[PDB]
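Asker: Quick one: the structure is below, questions incoming.
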Amino acid sequence: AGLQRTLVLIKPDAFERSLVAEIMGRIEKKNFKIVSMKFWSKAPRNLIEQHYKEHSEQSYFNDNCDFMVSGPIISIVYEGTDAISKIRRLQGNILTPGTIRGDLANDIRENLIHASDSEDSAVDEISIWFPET
Amino acid sequence: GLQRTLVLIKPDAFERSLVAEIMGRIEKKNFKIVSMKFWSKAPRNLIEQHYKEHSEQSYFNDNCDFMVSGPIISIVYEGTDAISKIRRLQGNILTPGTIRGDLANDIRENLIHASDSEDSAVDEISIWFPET
Amino acid sequence: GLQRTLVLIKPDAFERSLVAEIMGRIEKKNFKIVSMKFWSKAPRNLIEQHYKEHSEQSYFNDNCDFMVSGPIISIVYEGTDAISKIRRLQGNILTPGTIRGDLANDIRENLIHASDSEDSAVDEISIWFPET
Amino acid sequence: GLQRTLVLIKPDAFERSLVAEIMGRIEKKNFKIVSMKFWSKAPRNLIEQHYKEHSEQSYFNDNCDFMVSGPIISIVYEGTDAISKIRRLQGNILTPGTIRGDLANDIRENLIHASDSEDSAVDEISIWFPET
Amino acid sequence: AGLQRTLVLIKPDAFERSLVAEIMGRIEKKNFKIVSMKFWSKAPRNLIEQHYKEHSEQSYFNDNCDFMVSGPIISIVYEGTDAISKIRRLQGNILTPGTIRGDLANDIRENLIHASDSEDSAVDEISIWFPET
Amino acid sequence: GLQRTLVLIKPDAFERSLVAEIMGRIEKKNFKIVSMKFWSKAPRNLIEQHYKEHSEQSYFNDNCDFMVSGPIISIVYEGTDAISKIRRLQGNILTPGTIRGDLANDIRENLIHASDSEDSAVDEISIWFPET
Ligand SMILES: Cc1cn([C@H]2C[C@H](O)[C@@H](COP(=O)(O)OP(=O)(O)O)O2)c(=O)[nH]c1=O
Ligand SMILES: Cc1cn([C@H]2C[C@H](O)[C@@H](COP(=O)(O)OP(=O)(O)O)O2)c(=O)[nH]c1=O
Ligand SMILES: Cc1cn([C@H]2C[C@H](O)[C@@H](COP(=O)(O)OP(=O)(O)O)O2)c(=O)[nH]c1=O
Ligand SMILES: Cc1cn([C@H]2C[C@H](O)[C@@H](COP(=O)(O)OP(=O)(O)O)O2)c(=O)[nH]c1=O
Ligand SMILES: Cc1cn([C@H]2C[C@H](O)[C@@H](COP(=O)(O)OP(=O)(O)O)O2)c(=O)[nH]c1=O
Ligand SMILES: Cc1cn([C@H]2C[C@H](O)[C@@H](COP(=O)(O)OP(=O)(O)O)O2)c(=O)[nH]c1=O
Ligand SMILES: [Mg+2]
Ligand SMILES: [Mg+2]
Ligand SMILES: [Mg+2]
Ligand SMILES: [Mg+2]
Ligand SMILES: [Mg+2]
Ligand SMILES: [Mg+2]
């Protein structure tokens, strides 16, 4: 059919603010299924830098890494019809009410969640967090 | 500009236990229930009539099969700008914040139907609530 | 031990926009809707019959007046241990966690009615859904 | 980045018991309460100053009467880009996902007020919290 | 009728954990109305000690005061039928799911909310937080 | 005061999409996730060890098959009095306010498992997280 898989990361601020179930629930209610899930008490900076390698040239690149390893994170692989962009739309941004970041986040860096933005990004990101491909 | 529109809560809503969730979103936008019917299984006739305008489409038959594969609730809602607002509340599976935007993810199994114009509203209401 | 019980959603539920909230609590406990009717204003006859056992009480007349001062929904729910469980779900205005425990605060305006025994269930269902 | 904006929870919010619901959406977006006051009935001169930029509109008088028809809560929220962000949260009755889009459906009884600019924010805050 | 007024205090841990609306919403949904409300960025230890004067002899008395002034608090006066005990039952304790403390709290001291436990306590507590009686 | 207990989110939880709902109730009670694992299908020997104290019961085999009929999540929660508190949160299908009381209605498909003692907690955690 139109089956797809995408990679989501629940960020440290999510645990800090007790919004983990809240975020996962929004994705769950949109009818997406967990295919793989891993809890990281503290992720290796290595994986983070690979995950954000495309951003290695930006000014915010190192502070973002500091943050991404400042607390726990959960890497999840969701599956569903048109999953990559639907979950991306669900993630939204801090300016659009109705989405996860729009309702719960308010910072350029501490935005609670990451979602693959394309097929190439997904395949690559999933490989990073679930090497046992 | 007070109006009345027709809403159908689809089988997938019962399957996934989202009936109250959906009705609650409409109720909280302050629209009232004027009439309502519960159908364990809707008569295929009614369904075909409801989607008459689609009889020529390729998705017609399967859609009917689905619309009868479970219970459905027919509801007539009243309120200011009801048709337009409930339609907007229904949304689509792309934009978060709406019923379909937050809970649906299929082009066919989209939980709810809402009239899209004054004309279809009057017609749809007559189909499910002939007693008028 | 599959059963069917009758539930009435009272006027105060429509007044306070808690209809979906209440139906959602029952739906989430996994009980299904077997039949349902919406009444803009319930016929006083039905109400008097429903509360027959109370005809001698001092609160009878006022209760009837209230039960007809707004819309009400009659619902027949099915499920394992339905009568007992939905009754427990209905609770009372003292114990938090139940429908009345979290949302009601009056001895008369308590949002919902649920049969309390196998006998009253069969009788109550016959009153609102004679077509049996 | 830090800003402070003034929000007013309107009479209809108390009537419909949506006060916690509204304040909750702002709290979940991570904004903090700096100041807050509950008015069982706000002094009319305060309301008129608050809407002074509207003093020549046809709806001015009626709106002020509505704002004085019940309690209201004035709150000073602090947070990054607070003015713009809380303004978008409020939205309008045509935008699902926002406060007015999900819970309001009237041109006047629209549950909430939020400053629309830095000047209006500064002016409005001094109106409800002159003690600074 | 059976009209009553009671005094509720939203505690510092409530703001810390962003549970203020949540708590007030549970009381709001049970059909109780706010008659007076005051926001304290930091309450004067004086009022706290008066509020808990009956506990002045307990070991936990000073730490509880330290906490009660460690952050903001909101004093509210609710009104409704049988308000004092109904709101008291709503408050519940950390061992009873279904109540505010039962669902959201988990400590002997940081328990999110205070509710008058009797008519005498209410009248006295209300006087403490709303002297303009 | 600090304890650590083992929780299992059962297959029915994924089937009924109640995973976030269940985990949310534990998260809102202030318990923290220490360890967590998702199993699309848990190895049967793990389930049998987990319920080894039940190995002689008539329901043993059927329960194990149910526990292997879908994904499950094993979590180690840490918090003050975690074992007892999370146990009460789980409750039973007769107790409104708890997880099973609000969402479950079966003797076997009861959505969640939580250690009932310090020894069982210690044993259970080593079964799902032997890497310690
Ligand atoms: C733009 C930006 C991003 N970041 C971090 C957090 C962002 O989620 C991450 C990726 O940036 P980006 O791709 O711009 O946003 P999204 O995550 O919405 O695609 O980099 C900052 O820390 N500061 C910034 O200014
Ligand atoms: C377009 C389309 C519709 N349908 C069914 C389900 C749609 O809800 C129903 C009506 O279609 P439509 O009128 O295009 O959308 P809405 O219901 O948003 O106005 O027809 C399909 O089964 N497959 C399709 O490709
Ligand atoms: C006891 C009582 C009941 N009533 C009305 C509303 C009650 O829901 C209805 C039925 O009473 P009852 O059977 O005692 O309670 P339940 O509905 O919990 O079984 O009668 C009053 O109006 N005043 C009263 O004092
Ligand atoms: C435009 C308009 C506003 N009002 C009232 C309610 C509006 O919230 C208030 C302020 O007007 P306005 O600034 O247009 O709306 P907002 O509050 O979205 O900026 O005036 C009316 O009563 N009638 C009207 O036609
Ligand atoms: C019993 C106790 C109370 N306290 C503080 C917080 C309690 O909410 C407050 C009042 O105690 P108490 O009357 O026992 O509980 P409640 O507040 O449920 O009536 O004193 C402690 O700090 N430690 C304790 O051991
Ligand atoms: C008692 C019982 C349990 N079970 C299954 C589901 C129970 O959750 C599991 C463990 O039994 P038990 O310890 O009695 O329940 P809990 O999980 O509340 O401690 O065994 C059955 O399938 N049939 C039964 O009759
Ligand atoms: Mg990106
Ligand atoms: Mg259409
Ligand atoms: Mg009775
Ligand atoms: Mg304005
Ligand atoms: Mg006390
Ligand atoms: Mg057990």
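Cβ coordinates were reconstructed from backbone atoms using ideal geometry, including for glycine residues, and neighbour counts include every protein chain displayed. No value in this document is a laboratory result; all are computed from the given coordinates.
One line per residue, one yes/no per condition, for (1) under 17 Å from A:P12 (Cα atoms); (2) acidic (D, E):
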residue: A:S36; (1), (2): no, no
residue: A:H55; (1), (2): no, no
residue: A:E79; (1), (2): no, yes
residue: A:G98; (1), (2): no, no
residue: A:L104; (1), (2): yes, no
residue: A:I113; (1), (2): yes, no
residue: A:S127; (1), (2): no, no
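Asker: Looking only at segment E:21-38, how many residues end up being closer than 24 Å to E:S127 by Cβ, within 7 Å of chain D (Cβ to nearest Cβ) and in a helix (DSSP H, G or I)?
Answerer: Summing the residues that are closer than 24 Å to E:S127 by Cβ, within 7 Å of chain D (Cβ to nearest Cβ) and in a helix (DSSP H, G or I) in segment E:21-38 gives 1.
Asker: Let me ask another. If I go through segment D:40-71 residue by residue, how many of them are of a type in the set (G, A, S) and either within 16 Å of the chain's Cα centre (by Cα) or closer than 18 Å to D:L6 by Cα (or both)?
Answerer: Number satisfying all stated conditions: 4.
Asker: Could I ask something else about it? Of everything in segment C:74-88, what is buried (at least 23 other Cβ atoms within 10 Å of the Cβ) and out of contact with any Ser or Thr (no Cβ under 6 Å at 6 or more places or on another chain)? Give them in sequence order.
Answerer: C:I75, C:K85
Asker: Name the single residue, out of those in segment C:53-78 being closer than 23 Å to C:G101 by Cβ and in contact with a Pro (Cβ under 8 Å, 6 or more places away or on another chain), that is farthest from the other protein chains (Cβ to nearest Cβ).
Answerer: Only one residue fits best here, namely C:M67.
Asker: Whether any residue in segment A:25-47 is touching a residue at least 12 places away in the same chain (Cβ under 8 Å), hydrophobic (A, V, I, L, M, F, W, C) and within 23 Å of D:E27 (Cα to Cα) is what I want to check.
Answerer: Scanning segment A:25-47, I find at least one residue that is touching a residue at least 12 places away in the same chain (Cβ under 8 Å), hydrophobic (A, V, I, L, M, F, W, C) and within 23 Å of D:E27 (Cα to Cα), so the answer is yes.
Asker: Turning to a different aspect of this structure: Can you name the residue in segment C:35-49 that is surrounded by fewer than 21 Cβ atoms within 10 Å (Cβ to Cβ) and of a type in the set (A, V, I, L, M) and is also nearest to the other protein chains (Cβ to nearest Cβ) among such residues?
Answerer: In this case the residue turns out to be C:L46.
Asker: Are any residues in segment A:91-124 under 24 Å from A:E16 (Cα atoms), under 11 Å from the mean Cα position of the chain (by Cα) and not β-branched (V, I, T), and if so, which ones?
Answerer: Across segment A:91-124, the qualifying residues are A:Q91, A:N111, A:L112, A:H114, A:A115, A:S116.
Asker: Let me ask something else. Of the numbered conditions (1) in a helix (DSSP H, G or I); (2) touching a residue at least 40 places away in the same chain (Cβ under 8 Å); (3) over 23 Å from C:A121 (Cβ atoms), C:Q49 fails exactly one; give the number of that condition.
Answerer: (3)
Listed here are the residues, each with its yes/no results for (1) closer than 12 Å to B:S17 by Cα; (2) within 8 Å of chain B (Cβ to nearest Cβ).
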| site | (1), (2) |
| --- | --- |
| C:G1 | no, no |
| C:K10 | no, no |
| C:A13 | no, no |
| C:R16 | no, no |
| C:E21 | no, yes |
| C:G24 | yes, yes |
| C:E27 | yes, yes |
| C:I33 | yes, yes |
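Asker: A further question on this structure: Could you list all residues from segment B:89-103 that are farther than 17 Å from D:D102 by Cβ and buried (at least 18 other Cβ atoms within 10 Å of the Cβ)?
Answerer: Once the filter is applied, which keeps residues that are farther than 17 Å from D:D102 by Cβ and buried (at least 18 other Cβ atoms within 10 Å of the Cβ), segment B:89-103 yields only B:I93.
Asker: Which members of segment A:51-95 meet the condition of being without any contact (Cβ under 8 Å) to a residue 12 or more places away in the chain and either within 16 Å of ligand 3 (Cβ to nearest atom) or farther than 25 Å from A:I34 by Cβ (or both)?
Answerer: A:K53, A:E54, A:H55, A:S56, A:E57, A:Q58, A:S59, A:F61, A:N62, A:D66, A:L95
Asker: Just to be sure I understand the filter: pairs with C-beta atoms under 8 Å, separated by 6 or more residues or on different chains, first member in segment A:108-122 and within 21 Å of A:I94 (Cβ to Cβ), second member buried (at least 18 other Cβ atoms within 10 Å of the Cβ) and of a type in the set (D, E). Which pairs pass?
Answerer: If the second residue must be buried (at least 18 other Cβ atoms within 10 Å of the Cβ) and of a type in the set (D, E), the pairs left are A:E110/A:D13; A:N111/A:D13; A:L112/A:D13; A:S116/A:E125.
Asker: Please find, within segment D:79-103, the residue that is nearest to ligand 9 (Cβ to nearest atom) out of those that are away from chain A (no Cβ under 12 Å) and in contact (Cβ under 8 Å) with a residue 40 or more places away in the chain.
Answerer: D:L103
Asker: Which residues, counting only those in segment C:15-53, are over 15 Å from F:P96 (Cα atoms) and among the small types (G, A, S)?
Answerer: C:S17, C:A20, C:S35, C:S40, C:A42
The rows are residues; the columns are (1) over 14 Å from the mean Cα position of the chain (by Cα); (2) assigned to a loop (DSSP other than H, G, I, E, B).
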{"position": "B:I73", "(1), (2)": "no, no"}
{"position": "B:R87", "(1), (2)": "no, no"}
{"position": "B:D102", "(1), (2)": "yes, no"}
{"position": "B:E109", "(1), (2)": "no, yes"}
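Asker: Still on this model: Take D:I107 and decide whether it is more than 16 Å from ligand 5 (Cβ to nearest atom), crowded, with 22+ Cβ neighbours inside 10 Å and hydrophobic (A, V, I, L, M, F, W, C).
Answerer: So D:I107 does not fit the description; no.
Asker: Can you spot a residue in segment A:35-46 that is crowded, with 19+ Cβ neighbours inside 10 Å, at negative phi and among the β-branched types (V, I, T)?
Answerer: No, because not a single residue in segment A:35-46 is crowded, with 19+ Cβ neighbours inside 10 Å, at negative phi and among the β-branched types (V, I, T).
Asker: What is the number of the single condition among (1) away from ligand 5 (no atom under 16 Å from the Cβ); (2) within 23 Å of E:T99 (Cβ to Cβ); (3) not aromatic (F, W, Y) that C:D81 does not meet?
Answerer: The single condition C:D81 does not satisfy is (2).
Asker: Within segment E:89-122, work out how many residues are more than 14 Å from every other protein chain (Cβ to nearest Cβ) and either within 16 Å of ligand 4 (Cβ to nearest atom) or surrounded by fewer than 16 Cβ atoms within 10 Å (Cβ to Cβ) (or both).
Answerer: Going through segment E:89-122 one residue at a time, the tally reaches 4.
Asker: Oh, and also: Looking only at segment E:65-79, decide whether some residue is surrounded by fewer than 17 Cβ atoms within 10 Å (Cβ to Cβ), away from every other protein chain (no Cβ under 14 Å), within 16 Å of ligand 11 (Cβ to nearest atom) and polar (S, T, N, Q).
Answerer: Scanning segment E:65-79 turns up no residue that is surrounded by fewer than 17 Cβ atoms within 10 Å (Cβ to Cβ), away from every other protein chain (no Cβ under 14 Å), within 16 Å of ligand 11 (Cβ to nearest atom) and polar (S, T, N, Q).
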